[PDB]
Each structure stands twice: as structure tokens, then as C-alpha cells.
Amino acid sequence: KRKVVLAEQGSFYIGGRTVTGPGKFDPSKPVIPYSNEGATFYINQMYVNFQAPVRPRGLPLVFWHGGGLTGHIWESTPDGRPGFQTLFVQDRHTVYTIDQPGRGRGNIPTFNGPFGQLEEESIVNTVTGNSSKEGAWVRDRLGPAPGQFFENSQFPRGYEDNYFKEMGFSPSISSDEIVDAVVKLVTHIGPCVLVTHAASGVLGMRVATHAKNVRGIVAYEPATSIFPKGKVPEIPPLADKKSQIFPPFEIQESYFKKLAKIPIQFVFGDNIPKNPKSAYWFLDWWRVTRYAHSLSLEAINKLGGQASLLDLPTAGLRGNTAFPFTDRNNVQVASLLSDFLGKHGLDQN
């Protein structure tokens, strides 16, 4: 179950740009304390890990963590069971896992001065935002309130601390530059499949419209829907009659139609309510967000696409959280990903 045979493995940095401070660098002057004087800084580069099996079969997979996460979530579950990285190397795919710009081993662009500030220029905001444990508990649908689990939950109970410890803030790097890094990676890899999650869902869709090497997308519980510009459907507010879901991302129709040329699957876990739930904001948020994604997939299909929505309970998997790939049944979730890859020949050479 745990053994892994790698023809090769490693990591590298890709993407990003440079910014420079004022003045010149004099090697005779004290280098420490570090100074912006004469400085070149590499910023917004992304970290990439790869593991290649012996005799790979089919396209490499690029696993793209959700918001505030890192490639760790594809390596192991919080209770230490194998993650999708191991599972799909065993399934004979070369596997890439990334830490996007601003997360984990990706760059956090800060310098000598207030966070994110290079002299008078603000590269990212000094004021940060970050979810609490409580916010993440309900966002991920462990249960309706912090410390409470749904009866059917597939969460690895007892490993809560390990789970929340993987989560953190993201600096205000432009989403354009995050997409740019992954487009450059896709150019480097060749034909591949993007496997996204939550906040990276919309980013992966954007990458596909810029990179024909993306031959398929599987998105686990994507957080932001995408529509052709000017063509966002009517989407209701939340049950509290004042909140809304994340504003849908709009792209030019000519780019949106590129999503119709590849197989795309959105995967949702359990315990998303069918009816308005004003008492549980993030449960109600998921209800309307999943609805919006269903309309997004229909728009892709009306343009000739191959887009589908997989509710895991309809496949007989009950209780999954918003991280199905680290839940107790993640081997069965991986089986369904293998099925999708096989259906579209993405597991053949």
C-alpha cells in the first residue's frame, strides 16, 4: 500500500519576475543587516515537485492545492495515510505537485521594510487576511459548527490539529501572476492534466484557456465559478438575504470556448444542503456555489464541451468534506479520478 518506485524525483522553481531597489551594491560594505540598496529580488516564483514512476502511462498530473494550502495535501492525509501523489504514482502517472506563488515553498514577496513593501512600492499588501480554525472548520464542512462533525463524516477524526496546521495566509499576489506561473509550468511539462481544489479551481480554468497543453481538468470543490463576460446567469443571494457567493470570474467568450475542447469534471463532497440554511452561512454558501458551478458547466456544454459534475454521494461515497482527497475514503475518491482519466484516454500513451 505504501511502497513507491520512482524512476526519478526532484523539485525546481519556475516563473516569477524581479524587482530592484535603489542604488548600487558595494561588496566591501557590511552586507548584514540586509539592505534594499543595489538589491535584486526574485519574486512570485513557484515551487514544483515531481515524481515519475518507472514506465509512466498517460499524461502527467499537476496537483494544485486550494487556498491557503500547499502540496502537502497531496502527499499525505492529516492522519498520515498516502495522498494522491503516492496513489497516482502507483497508478503509473508522473505526478507534479506545486506550491503556488505566495504559498509554502513558493515566493512570499517581501523585503527590508514593512511587509510586502519595497521602498515606496507596494508589491503586496502589508495588511494580511487569514482564516481561523473555526472559519476553516465550517468552510470545509467537517460539521455545521466548529468542534462538531456530521454523523457521516469522512474526516480523519482525532487529527484536527494536524489538519488545520497545514493552512495559512496568502499575500495579495495578483491572480494573473499565479496563472502566469502555472502556464509556464504547463509549457515546460507538455500535455498534462490539472487537478485543482477550492481556490485553484478558477485559476486552473484560466490556465486551460491560455495553455492548450492542458488536456483535462478535475476540480475538487472549486470556490469561484467562471462564465463568459456579460453572460453571468442570475444567481440568488444566500439565505441571510444579504450575503452573496464569490463574484463569478468573467473571461472573453473566445477564451471561454477553449474550455469546451477538453474533458472537465467538478467533484463535490457531501452535506451540501439542498434548501436554504440561514443558520449555517458556509453550508448555504456551498449550496449556491455548487449551483453556480452547475450553470458554468452547462454554459461550457452548450458551446460543445465535455463538462460534468460528480456528486460523490451519487457514486455511493457518503460524508466527504471539501477535501475529499484527504478524507478517510480517499482511495475510493482516487478510484473515481482514475476512472475519469481512463474514460478520456488520459491514462494511455
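Residue numbers run from 1 along the displayed sequence.
- Set 96 to 104 against 109 to 117 and average the Cα temperature factors; 109 to 117 ends up higher.
- Looking at 250 to 258 and 84 to 92 together, the entry lists the larger mean B-factor for 250 to 258, computed on C-alpha atoms.
- Looking only at 70, 321, 45, 306, the residue with the top Cα B factor in the deposited structure is 306.
- Taking the PDB entry at face value, the top CA B factor among 78, 204, 146, 230 belongs to 230.
- Remark: residue 234 belongs to the highest third of its chain, ranked by C-alpha B-factor as recorded.
- Compared with the other modelled residues of the chain, the Cα B-factor recorded for residue 197 ranks in the lowest third.
- Annotation for residue 244: CA B-factor lies in the highest third of the chain's modelled residues.
- In the deposited entry, the Cα temperature factor of residue 168 sits in the bottom third of values across the chain's modelled residues.
- The entry lists a Cα temperature factor for residue 16 that places it in the lowest third of the chain's modelled residues.
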